[PDB]
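Values below: all heavy atoms of this structure, side chains included; hydrogens, waters and symmetry mates excluded. So that the names make sense, note that chain A is the first sequence line, chain B the second, and so on, each numbered from 1.
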Amino acid sequence: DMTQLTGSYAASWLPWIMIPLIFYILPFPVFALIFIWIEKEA
Amino acid sequence: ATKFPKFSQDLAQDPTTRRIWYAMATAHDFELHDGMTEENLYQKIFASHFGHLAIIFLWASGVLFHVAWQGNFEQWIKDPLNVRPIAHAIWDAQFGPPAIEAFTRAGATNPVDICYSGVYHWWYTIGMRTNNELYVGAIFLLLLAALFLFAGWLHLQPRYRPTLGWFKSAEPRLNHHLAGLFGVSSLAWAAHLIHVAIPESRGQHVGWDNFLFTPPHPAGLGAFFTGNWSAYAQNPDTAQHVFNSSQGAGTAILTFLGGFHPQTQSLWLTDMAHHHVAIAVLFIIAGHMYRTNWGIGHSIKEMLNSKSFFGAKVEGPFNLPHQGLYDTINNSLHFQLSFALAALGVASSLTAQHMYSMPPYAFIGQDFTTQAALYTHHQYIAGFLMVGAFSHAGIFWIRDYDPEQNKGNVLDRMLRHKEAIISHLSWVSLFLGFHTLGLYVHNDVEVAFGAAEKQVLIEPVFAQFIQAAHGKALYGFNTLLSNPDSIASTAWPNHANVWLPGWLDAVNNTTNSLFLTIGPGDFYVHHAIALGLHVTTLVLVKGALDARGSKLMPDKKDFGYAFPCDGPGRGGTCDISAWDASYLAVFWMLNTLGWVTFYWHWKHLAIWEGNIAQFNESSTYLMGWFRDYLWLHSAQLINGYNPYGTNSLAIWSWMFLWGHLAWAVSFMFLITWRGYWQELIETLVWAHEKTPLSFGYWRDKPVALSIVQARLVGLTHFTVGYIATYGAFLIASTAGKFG
Amino acid sequence: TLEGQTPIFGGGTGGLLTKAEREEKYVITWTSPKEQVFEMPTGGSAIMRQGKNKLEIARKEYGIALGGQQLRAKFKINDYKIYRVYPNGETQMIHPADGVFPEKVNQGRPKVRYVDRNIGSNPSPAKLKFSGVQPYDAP
Amino acid sequence: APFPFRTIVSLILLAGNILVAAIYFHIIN
Amino acid sequence: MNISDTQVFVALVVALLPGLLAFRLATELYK
Amino acid sequence: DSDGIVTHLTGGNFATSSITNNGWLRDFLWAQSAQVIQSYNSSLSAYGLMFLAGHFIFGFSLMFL
Amino acid sequence: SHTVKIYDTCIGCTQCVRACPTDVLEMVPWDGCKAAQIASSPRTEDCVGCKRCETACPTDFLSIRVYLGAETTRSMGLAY
Amino acid sequence: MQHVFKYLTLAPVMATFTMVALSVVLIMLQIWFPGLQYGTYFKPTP
Amino acid sequence: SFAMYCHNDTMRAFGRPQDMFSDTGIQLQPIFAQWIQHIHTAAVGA
Amino acid sequence: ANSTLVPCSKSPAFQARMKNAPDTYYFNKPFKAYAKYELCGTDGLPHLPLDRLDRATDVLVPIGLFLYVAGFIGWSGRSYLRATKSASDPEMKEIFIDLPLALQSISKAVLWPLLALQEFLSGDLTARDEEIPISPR
Ligand code: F6C
Ligand code: CLA
Ligand code: CLA
Ligand code: CLA
Ligand code: CLA
Ligand code: CLA
Ligand code: CLA
Ligand SMILES: CC1=C(/C=C/C(C)=C/C=C/C(C)=C\C=C\C=C(C)\C=C\C=C(C)\C=C\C2=C(C)CCCC2(C)C)C(C)(C)CCC1
Ligand code: SF4
């Protein structure tokens with residue numbers, strides 16, 4: 001059916017989790033890591 | 001101070017947000033890093049180049065993996081002319097059902113993107129047939145990237161860090177990169193074509209499991225050592241050969257047929273194999289020219305410093321003093337990068353100009369969207385490389401050029417008559433601009449007043465004569481290759497013109513892009529391109545030659561490549577740095593490549609749509625370009641989504657507006673300048689300090705972007721919007737109208 | 001401590017900020033022959049007192065602009081001084097540095113950052129590569 | 001100065017342009 | 001016939017090797 | 001018409017098309033420029049010429065800015 | 001901080017000192033010119049880089065030069 | 001009146017007179033000989 | 001004002017007209033301006 | 001010989017344009033001139049080729065006519081400028097045109113191709129390189 005995102009390729013559950021992980025789950029912690037790195041006192 | 005950036009204490013002590021911005025912009029300018037020595041500079045660059053190569057290999061691995069995983073390569077093989085190649089799957093969780101249905105196409109049951117990079121045609125031609133083969137290649141490139149990543153780390157360890165003398169040894173590097181990097185690699189590719197690609201195009205499978213005991217030719221290697229090289233050219237592929245099948249298939253591995261394979265309408269695989277064999281021999285020979293360790297060979301320093309021509313006294317090569325140049329190039333990484341970028345820019349343009357007219361991949365000439373994307377891609381990259389070559393030329397003048405070691409040589413002479421060079425470049429730009437625009441608007445007025453017969457329509461006779469000289473008999477000229485009785489066509493002494501019969505068939509074919517017919521409309525756009533080339537060169541050359549100083553700023557070299565200005569004194573000095581000339585030249589480079597890609601796209605759109613007369617009659621006046629190219633072909637693009645529904649062009653519709661938005665944003669960074677925003681920020685600083693419940697507070701004081709930074713940011717938005725807008729239009733107006 | 005009474009001012013948004021309490025602050029003091037209206041460095045009008053005055057300012061440029069373009073040029077007041085006040089209370093007088101205005105030559109002032117050549121004789125940056133020396137700082 | 005080296009190369013390059021124009025104008029074949 | 005589940009998982013595991021080596025090179029260059 | 005039924009110049013596009021700037025780009029700029037863009041060889045050709053003239057001056061101003 | 005240098009072509013016209021908005025420059029005794037004085041920059045830490053001194057310099061080329069360098073709170077002209 | 005004559009020699013005034021005169025000459029050339037084209041100048045009317 | 005137009009463009013491209021700011025989706029009725037029209041029309045008796 | 005270009009009078013596409021043209025001053029005579037003298041492409045519009053030994057006067061006459069007029073304007077401006085260099089206030093003679101000086105410059109510029117030739121032969125056309133303001137290298 002064409003009412004939902006699906007995948008006929010192998011392991012179609014991978015984009016189901018990788019897309020949230022890379023685009024709106026991990027990026028904020030990554031920004032936090034970079035912020036700490038660039039604000040560290042000498 | 002902060003630990004970041006590690007390479008600059010001046011930035012690390014900056015208490016404002018400018019510290020973060022400038023750290024990113026100067027991170028890869030290794031020469032300006034604190035405590036940087038020449039030996040450490042080369043070692044860091046060497047390791048960085050290993051990282052870039054690994055990124056390239058990972059990028060190629062990703063393209064292969066996603067096609068093997070989510071593409072339709074095997075289905076596309078069975079019908080390349082009617083199956084849309086799939087780039088990768090789409091997972092956007094905020095799609096609606098109409099969007100999911102629209103993007104579910106090309107035989108897939110899930111939303112997908114249609115590949116336009118031509119990798120399907122390329123892999124098909126070189127003998128790849130199954131998704132497993134693509135997967136193995138992807139895994140191999142993952143390991144290859146790991147090998148180069150380890151090499152970069154290894155050559156940073158103390159025992160493996162090369163010395164400065166190793167980096168400065170020019171002659172051995174040229175020998176190895178010519179004979180080995182260029183020659184042996186070409187020979188190895190010709191081996192792949194002969195052993196794998198050619199057999200696979202004839203229906204027989206050759207892989208790692210059986211290539212050791214499956215000879216590519218019945219005569220074997222005995223014919224090569226005996227000298228019976230003609231056996232490899234016997235029995236070529238027949239004119240009724242079917243690609244990827246044994247029907248009509250020959251046995252020759254190195255033919256020289258020329259022209260195109262009749263079915264695939266692309267270059268013969270056996271011709272491409274013999275091409276890389278000959279190229280390999282030429283480059284391997286070229287790799288033995290310079291002396292490294294055995295006395296024999298030329299010394300580049302001796303050649304440049306030579307002042308005697310077989311006894312006679314000369315200033316140098318062509319009686320021109322080239323002395324002292326060897327140390328100038330060898331000690332200047334910016335001089336070397338200038339030639340490297342210029343060569344890649346020319347090669348990228350040649351790739352674009354020769355690939356659409358001479359498609360090397362099976363059926364790629366019939367994928368109209370792929371052809372348009374590939375030409376535009378490599379031409380725009382060529383423009384950027386051309387800008388970079390002159391940008392680092394200006395950096396060379398300031399950082400690496402010293403007049404003492406170059407006194408009296410050919411490089412010094414160029415600087416001594418820079419006014420004549422710049423003024424004459426200005427004259428050519430003015431002449432081309434005045435007359436090309438003047439003739440365009442003259443045709444505009446006449447066509448507008450119902451007097452199209454009164455247009456000035458100059459025939460491109462010089463270029464038409466070249467086409468006739470190459471075998472095009474359409475124009476009626478009877479010279480050289482268009483004259484069968486000419487000594488050029490007969491090659492009277494030897495009659496070894498075995499290239500000609502195949503070449504003439506492709507030249508006079510009416511369904512390909514080999515020497516497309518040209519008229520007055522093509523005449524004016526080439527002169528517009530000449531105007532763009534000369535002005536962009538004028539901006540870049542003027543910036544490079546004035547980088548060290550001018551009458552307005554005699555001591556410019558002491559201020560560096562990139563600085564905002566020299567203040568409002570002496571009349572005002574905005575955009576006076578050599579960096580600003582490269583900044584201004586990107587605008588003209590984008591405009592010039594815009595004219596080039598508009599011309600290529602519209603001409604091929606008329607051909608593909610069967611309306612060649614539309615281009616020939618409307619390209620002679622600018623309203624024809626505006627109405628029949630831009631306005632007419634935007635209809636399908638802007639209807640990707642509308643109040644009545646959506647289709648597969650919705651992405652190109654949204655990206656079309658996204659590019660316009662980025663282009664609009666750049667105008668803000670380019671028109672408004674810093675002091676306006678600094679005063680506004682100060683007001684916001686007051687507001688934050690006086691507002692309760694706002695416990696946050698800046699660790700870096702917020703300041704407006706610097707003068708130079710704003711020019712770069714505005715140029716980035718301008719360029720990104722430029723590319724995104726035309727890219728969406730190019731894909732939508734071609735894919736929407738064709739396959 | 002610094003003596004003097006502040007000018008009549010009803011308040012404004014161009015005054016001191018966190019930087020005054022955290023990093024540094026400036027004070028300009030002067031004496032006027034009468035009570036009169038002057039323009040504040042950051043907008044608005046203030047009334048300077050009869051005796052000795054004291055004004056707190058965020059930047060040194062405010063004091064130079066007020067003392068130079070207004071106190072001397074307009075009100076003919078030449079005894080103004082500018083101090084730099086640190087958060088810990090340390091105060092140093094910075095203008096005029098030696099009691100004489102900088103535009104008037106004074107004995108005992110050394111030459112600072114003087115280059116003993118014309119500007120056109122600066123060496124090219126190529127000769128100073130990796131040496132850490134700018135062309136204008138070259139001997 | 002007559003500029004011998006300058007004028008020899010210039011005339012050779014010009015001769016190439018004239019020779020190409022001869023074929024272009026159907027004067028020679 | 002595209003690749004299978006095992007091939008995708010194998011590629012993910014293999015990609016860890018350039019991933020770790022990229023981190024080593026990046027930290028080495030930072031020195 | 002005689003029955004009092006009104007047919008508007010653009011037929012009520014505003015309610016549904018003006019809520020997106022793709023609708024502004026397509027149904028207002030692209031669609032309503034048909035008269036000026038096709039005015040060549042007619043009495044309105046001066047407007048077509050000045051349409052291009054205004055576009056030229058806008059791009060021309062960009063180098064001063 | 002910015003770097004301000006004074007070259008020997010100075011004629012001691014005191015114009016650069018008068019134009020400075022932060023009192024970076026002062027006039028010191030000298031013998032290289034008729035005015036018997038030359039510009040000096042003892043307080044470059046207060047220099048904002050406005051280049052008003054260069055605008056006021058009458059010599060050709062300039063006898064006083066400003067080279068923008070590392071940015072500090074007072075060199076950026078920040079009241080906050 | 002000598003000041004008026006001097007004003008008439010001003011650069012904007014002289015340029016305006018020159019451009020007006022050249023435009024007049026070109027305009028009458030279009031009226032008398034409309035449709036002149038390269039390959040047609042100085043040829044008799046057929 | 002403007003980012004809500006961008007919201008509308010993204011919703012329409014997604015094929016989600018029900019999520020748009022429109023008369024048929026999420027309505028934003030200018031009730032105060034509509035009220036003034038009614039008051040001014042009824043003022044004359046229409 | 002170019003074959004895709006034929007005389008306009010023999011072009012069927014050009015003839016169709018001739019009949020459909022409006023009957024005004026702007027089309028009656030010009031179409032008659034174009035048919036007799038111009039070469040037309042497949043689109044029926046006149047084209048200007050530079051590959052014909054004949055009709056070379058049709059190329060040289062407009063080129064030479066322009067080059068004479070453009071050189072006349074340039075030589076008038078050059079001679080006038082050099083005449084004002086000897087004045088005490090040359091700038092004021094550029095915003096105030098010296099009519100007796102301008103007429104003298106215009107009269108001599110009629111023979112500018114000859115004047116420029118003796119100017120170049122005597123070495124008075126160009127100034128020496130070392131006597132010209134230049135920027136530092
Ligand atoms: C940090 C903290 C802080 C705080 C607190 O604490 C604050 C606050 C305020 C108040 C007071 C006010 C009001 C609010 C509003 O409405 O607006 C905003 C909004 C928002 C949303 C903002 C935001 C908020 C916060 C940030 C939140 C956060 C959270 C998140 C989620 C985190 C995340 C993390 C991750 C990792 C990513 C404001 C404002 C302003 N801002 Mg402002 N902030 C700040 C930050 C910032 C930054 C970074 C920047 C840059 C971008 C700026 C900017 C700005 C401007 C332009 C302006 C304006 O206009 C305004 C005003 O003034 O008026 C009057 N600002 N501020
Ligand atoms: C540079 C190569 C490259 C690129 C551009 C992409 C691009 C994409 N991949 Mg992908 N992928 C690649 C290689 C690549 N792939 C390789 C080699 C593997 C096998 C390990 C995978 C396995 C994979 C899976 C399993 C999935 C994707 C998916 C996707 C899509 C969403 C992004 C995502 O979730 O990433 C996920 C990426 C990974 C899990 C691993 C990526 C490993 C590569 C080699 C890292 C490359 C880093 C790069 C070179 C450094 C950039 C430097 C910086 C300066 C730019 C996107 C089209 C998703 C998809 O199909 O959505 C529809 C998804 O579910 N990828
Ligand atoms: C609210 C708006 C919105 C958002 C947030 C997204 C978000 C997403 N969409 Mg999407 N989409 C939208 C609206 C939106 N969409 C609309 C209106 C349409 C039309 C109906 C689509 C149609 C659409 C399609 C057809 C596809 C997506 C995809 C994606 C995903 C990939 C991220 C992306 O778009 O690029 C984000 C980009 C980056 C993070 C950049 C990566 C960093 C690299 C290194 C930058 C390098 C720059 C490059 C080298 C220079 C240019 C190169 C170029 C010339 C080739 C992501 C989940 C793709 C997907 O599913 O992928 C898995 C996909 O195939 N969308
Ligand atoms: C092999 C190619 C090559 C190499 C090795 C270099 C190397 C260098 N260039 Mg150079 N350059 C190149 C090509 C190249 N360039 C081309 C093609 C152009 C024309 C556009 C330029 C134009 C150029 C200018 C104008 C300047 C340099 C400078 C420099 C030096 C410092 C780099 C820097 O500023 O820090 C690193 C810089 C950045 C990381 C820039 C940020 C990224 C920009 C803004 C692009 C925007 C990102 C875009 C949205 C997405 C891109 C993909 C994403 C993954 C990043 C360094 C030696 C600078 C220099 O030497 O100063 C004296 C300098 O001023 N280059
Ligand atoms: C449509 C936009 C546009 C146009 C037409 C031009 C035109 C020009 N640019 Mg330019 N430029 C632009 C945008 C534009 N630029 C932008 C956006 C940038 C990025 C900032 C630049 C950056 C740039 C640089 C860096 C350089 C140029 C140069 C040039 C000139 C070289 C071309 C030439 O001589 O042709 C002939 C001249 C023209 C076509 C100009 C139009 C002439 C008009 C039509 C004559 C009409 C006369 C008429 C009587 C006037 C009416 C009366 C009126 C006064 C009221 C030319 C004046 C170069 C230059 O000066 O070379 C000499 C140069 O170095 N430009
Ligand atoms: C309607 C017809 C028309 C119009 C309006 C113009 C308009 C223009 N032409 Mg042009 N031209 C035309 C037809 C036309 N052309 C034709 C048919 C030809 C023959 C192919 C030329 C060849 C031509 C050249 C070669 C040049 C122009 C130039 C110019 C510009 C300045 C002309 C002038 O007198 O400046 C006032 C004059 C001066 C300030 C000094 C005199 C300059 C002349 C042109 C050169 C000296 C003449 C001498 C014989 C040396 C010739 C050098 C040559 C061999 C390279 C102006 C925009 C010039 C230009 O674009 O400059 C950037 C320029 O150099 N035109
Ligand atoms: C006095 C007449 C005169 C003469 C003989 C020249 C001669 C020259 N100019 Mg030049 N120029 C002039 C006026 C003149 N200029 C004026 C007034 C301007 C300002 C618009 C310019 C702007 C200019 C530029 C920007 C460039 C030249 C260039 C050149 C050189 C080759 C191209 C050319 O012929 O210019 C073509 C002509 C123009 C570009 C415009 C000039 C047209 C003006 C309007 C004519 C003025 C006539 C004058 C009022 C007559 C009054 C005389 C009267 C009192 C008796 C050549 C040395 C080029 C160069 O350096 O090449 C090496 C170049 O890049 N000129
Ligand atoms: C045949 C022909 C042709 C071609 C031609 C050619 C190719 C030419 C060349 C030419 C050249 C290659 C030239 C050169 C030159 C050089 C020089 C160096 C010059 C100089 C000049 C001068 C110096 C001038 C002066 C003057 C005068 C005289 C007048 C006015 C003023 C003045 C001052 C400007 C064509 C197709 C187009 C057309 C048809 C015919
Ligand atoms: S303005 Fe220039 S000449 Fe005058 S004192 Fe200052 S540096 Fe010397």
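To the nearest 0.5 Å, the span separating CZ on B/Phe718 from CZ on B/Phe669 amounts to 15.0 Å. Distance check: B/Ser733 OG to B/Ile638 CD1 gives 12.0 Å after rounding to the nearest 0.5 Å. Expressed to the nearest 0.5 Å, how far CG of B/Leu712 lies from NE2 of B/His717 amounts to 10.5 Å. The CG atom of B/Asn110 sits 7.5 Å away from atom CD1 of B/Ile86, with the distance rounded to the nearest 0.5 Å. Put simply, CG on I/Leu28 and CG on I/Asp23 are 9.0 Å apart, with the number rounded to the nearest 0.5 Å. Interatomic distance, CD1 of B/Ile731 versus OG1 of B/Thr370, reported as 7.5 Å (0.5 Å rounding).
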Could you go through the side chain to side chain donor-acceptor pair (under 3.5 Å) check for B/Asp367 and B/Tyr116 one step at a time?
CA-CA 9 Å; B/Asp367 200 320; B/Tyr116 297 123; over 6 Å; no
Before giving the answer on side-chain contact (heavy atoms from CB on, under 4.5 Å), spell out for B/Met623 and F/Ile37 the whole-Å C-alpha distance, their side-chain angles and the decisive distance to 0.1 Å.
CA-CA 8 Å; B/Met623 167 63 81; F/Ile37 208 63; 3.7 Å; yes
B/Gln636 vs B/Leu649, side-chain contact (heavy atoms from CB on, under 4.5 Å): CA-CA, chis, key distance, verdict
CA-CA 8 Å; B/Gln636 264 190 283; B/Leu649 295 187; 4.3 Å; yes
Working note: B/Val596 + B/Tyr375, criterion side-chain contact (heavy atoms from CB on, under 4.5 Å); need CA distance, chi angles, decisive distance, verdict.
CA-CA 10 Å; B/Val596 171; B/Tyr375 182 88; 3.8 Å; yes
Would you please test B/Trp600 and B/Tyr356 for ring pair (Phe, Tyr, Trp, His ring centres under 6.0 Å) and show each step?
CA-CA 10 Å; B/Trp600 191 101; B/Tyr356 71 93; 5.7 Å; yes
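Of the possible polar contacts, none joining the B/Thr734 side chain to the B/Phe368 backbone as a donor-acceptor pair under 3.5 Å is found. When atom types are taken as modelled, the side chain of B/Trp631 and the backbone of F/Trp30 share a donor-acceptor pair closer than 3.5 angstrom. A distance-only check finds no donor-acceptor pair linking the side chain of B/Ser357 to the backbone of B/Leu514 [under 3.5 Å]. Looking at B/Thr725, its side chain does come within 3.5 Å of a backbone N or O of B/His660 through a donor-acceptor pair. The backbone N or O of B/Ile364 lies less than 3.5 Å from a partner atom in the side chain of B/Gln371, making a donor-acceptor pair. For B/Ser348 (side chain) and B/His378 (main-chain N/O), a donor-acceptor pair under 3.5 Å exists by modelled atom type. Side-chain atoms of B/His633 come within 3.5 Å of backbone atoms of B/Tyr629 as a donor-acceptor pair (strictly under, hydrogens ignored). When atom types are taken as modelled, the side chain of B/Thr125 and the backbone of B/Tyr361 share no donor-acceptor pair closer than 3.5 angstrom. No donor-acceptor distance shorter than 3.5 angstrom exists from the side chain of I/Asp9 to the backbone of F/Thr20, with no hydrogens or angles considered. Remark: the backbone N or O of B/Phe363 is not paired with any side-chain donor or acceptor of B/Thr264 at under 3.5 angstrom.
Heavy-atom minimum distance, F/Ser61 versus F/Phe58: OG-O, 2.8 Å. Summarising the geometry of B/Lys603 relative to B/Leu516, their closest heavy-atom pair is CE-CB, 3.8 Å, with the distance given to 0.1 Å. When every heavy atom of B/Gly383 is checked against every heavy atom of B/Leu593, the shortest pair comes out as CA-CD2, 4.0 Å. Taking both residues in full, the closest heavy atoms of A/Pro15 and A/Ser12 are given as CD-O, 3.2 Å, listed atom of the first, atom of the second, then distance. Residues B/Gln379 and B/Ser349 share a closest heavy-atom pair of OE1-OG, 3.1 Å. The nearest pair of heavy atoms linking F/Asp27 to F/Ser17 is OD2-OG, 2.9 Å.
Inspection of the B/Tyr599 and B/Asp522 side chains reveals an N or O donor paired with an N or O acceptor under 3.5 Å. Inspection of the B/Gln366 and B/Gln265 side chains reveals no N or O donor paired with an N or O acceptor under 3.5 Å. Remark: the E/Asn2 side chain and the B/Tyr135 side chain contain no N/O donor-acceptor pair separated by less than 3.5 Å. Judged purely by distance below 3.5 Å, without hydrogens or angles, the side chains of B/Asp628 and B/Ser618 pair a donor atom with an acceptor atom. A donor atom on one side chain and an acceptor atom on the other are found under 3.5 Å apart for B/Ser513 and B/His604.
Taking a 6.0 Å sphere around NE2 of B/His526, one finds it holds 12 or fewer heavy atoms contributed by other residues, nucleotides or ligands. Counted within 6.0 Å of CD1 on A/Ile17, heavy atoms from surrounding residues, nucleotides or ligands total more than 12; the atom is thus considered enclosed. Open room surrounds CZ on F/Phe14; 12 or fewer heavy atoms of other groups in view lie less than 6.0 Å from it. Counting heavy atoms of neighbouring residues, nucleotides and ligands inside a 6.0 Å radius, atom CE of E/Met1 does not exceed 12 of them. Other residues, nucleotides and ligands contribute more than 12 heavy atoms inside 6.0 Å of the CD atom of I/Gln27.
No side-chain heavy atom of B/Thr646 sits under 4.5 Å from any side-chain heavy atom of I/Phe14. Using a 4.5 Å heavy-atom threshold, the side chains of B/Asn131 and B/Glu74 count as touching. Between F/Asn13 and F/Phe28, the closest side-chain pair of non-hydrogen atoms is not below 4.5 Å. Taking the side chain as every heavy atom from C-beta outward, B/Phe729 and B/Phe656 approach each other to under 4.5 Å. I/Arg12 places a side-chain heavy atom less than 4.5 Å from the side chain of B/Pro643. With contacts defined as side-chain heavy-atom distances shorter than 4.5 Å, the pair I/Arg16/I/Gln18 qualifies. At least one side-chain heavy atom of B/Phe65 sits under 4.5 Å from a side-chain heavy atom of E/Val8. B/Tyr621 is not listed as a side-chain neighbour of B/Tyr440, based on a closest heavy-atom distance of 4.5 Å or more.
A perpendicular orientation is assigned to the rings of B/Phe587 and B/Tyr583, their planes being inclined by more than 60° (bins at 30° and 60°). By the 30° and 60° cut-offs, the orientation of the rings of B/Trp588 relative to B/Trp595 is perpendicular. Using cut-offs of 30° and 60° for the angle between ring planes, the B/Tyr120 and B/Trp123 rings count as parallel. Relative orientation of the B/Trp76 and B/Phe73 rings is parallel, given thresholds of 30° and 60° on the angle between their planes. Between A/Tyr9 and B/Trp69, the angle of the ring planes goes over 60°, which puts this pair in the perpendicular group of the 30/60° scheme. Between B/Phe95 and B/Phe103, the ring planes are tilted. Angles from 30° to 60° get that label.
The aromatic ring centres of B/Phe598 and B/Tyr726 sit less than 6.0 Å apart.
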